[PDB]
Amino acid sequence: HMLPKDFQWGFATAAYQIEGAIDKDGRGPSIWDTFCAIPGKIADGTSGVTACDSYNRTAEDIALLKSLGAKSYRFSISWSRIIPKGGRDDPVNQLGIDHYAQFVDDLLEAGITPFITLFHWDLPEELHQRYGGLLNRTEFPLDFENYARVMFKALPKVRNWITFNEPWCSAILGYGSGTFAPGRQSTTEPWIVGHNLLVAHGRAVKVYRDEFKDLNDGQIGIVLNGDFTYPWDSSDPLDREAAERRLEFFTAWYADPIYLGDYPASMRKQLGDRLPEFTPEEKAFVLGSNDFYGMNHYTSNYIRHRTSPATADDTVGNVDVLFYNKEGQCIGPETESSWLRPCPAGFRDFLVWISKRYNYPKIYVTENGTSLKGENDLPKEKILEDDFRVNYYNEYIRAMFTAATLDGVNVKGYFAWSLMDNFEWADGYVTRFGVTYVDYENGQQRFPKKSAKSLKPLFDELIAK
């Protein structure tokens, strides 16, 4: 009835979502700086120029992280602050490096373990323009590999590294539906982008293990999102299979090559030649390139097989992703995110799914949290109340606990998304995911919500001292 004492817990952000200061200390433009410039791409017509101004408030956030009793903190490095043009032949920005080097020292001094994300969607614009960015099988993995190397040298004190955050998003949403940067819409390119992300990952991991890992006994891994699935009609085997295939398209897409050494068989049979093949060199990079499994999880769905054959523009694996099953049952209540409905049981099920499929690897839950329906349109100290979010964390974390203590899922860490309300990409600022209310009307004042303080006693209970 107790998690291990070295179980890390805390909060998670991303650079472009909280930092602001986009034109500070020589930061180059990312693809998201340009994406937000396009009218209609962002719902509230906003961007991350100010965000939470966390670039300027490192002492304030660190103090907040302490206030809530965080043992760890997951954040991302803005690539274009380190190398403004991104490439392995481009000038390196020391002021960018120093800003993060000082941030790590400030965390270490305040016993908060940094979990660092190398790439959180903010690819330097120059790389996109120079050779096609993520789409380029030859150039991008080499540039990422170098950028990883640079950060490994720059931050010797950091022992917890993440390569890519949610490559599924960068590929499907960035190149399929075009809802995320760079906003391309293709039936072929997402599957090419996904492949490149994998190779870049493998390249960075090898460099880390060979030159930096044994320096301080660290670990590196990729972060994969994925919502669990249940048959829309469990009496129909086509729905049972659909629900499984849907996980394969979402998650095993990246994880099967990293652990098994090849793409899921189900993906190869639908996509065919559109799905790339690993060269020996590429496979040698990708296979076994996880020290730990980085996991993002938010919700679950009912999956209904489709009667028609898979279209060219399909990305979910020829299925219907629903919130009601055939009997009229509902996944969970309505949130501010039409795609997110609470389902704590699905959290534990995904944990066990991963464990069974990949021989029970070390798992870090790098993201977990919820939005709240109509949260942005209600009074201040009523935002500080967030019983809905409190309940979300209570049940989800306890579901994770069961997964660890009963099933024996090797989860060593949990990070709540997010430390505070921030730029929710295409949703803008309308959608709040934070446990801390950020006051944008009044200079991003930090006001912790009821859920923020609820995480300390919850984890106090579940961890063993």
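Residues carry their position along the shown sequence, with the first being 1.
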Looking at the entry, does 157 to 165 or 131 to 139 show the higher mean C-alpha B-factor?
157 to 165
Please compare 58 to 66 with 408 to 416 and say which has the higher mean C-alpha temperature factor in the record.
58 to 66
Would you mind checking which of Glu248, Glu125, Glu189, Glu334 has the top Cα temperature factor in the PDB entry?
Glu334
Among all modelled residues of this chain, ranked by Cα B factor, put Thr34 in the bottom, middle or top third, i.e. lowest, middle or highest.
middle
Split the chain's modelled residues into thirds by Cα B-factor; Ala403 lands in the lowest
Mind checking which third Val104 falls in for C-alpha B-factor across the chain?
highest
Taking only the Cα B-factors deposited for this chain, tell me whether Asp320 sits in the lowest, middle or highest third.
middle
How does the C-alpha B factor of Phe423 compare with the rest of the chain: lowest, middle or highest third?
highest
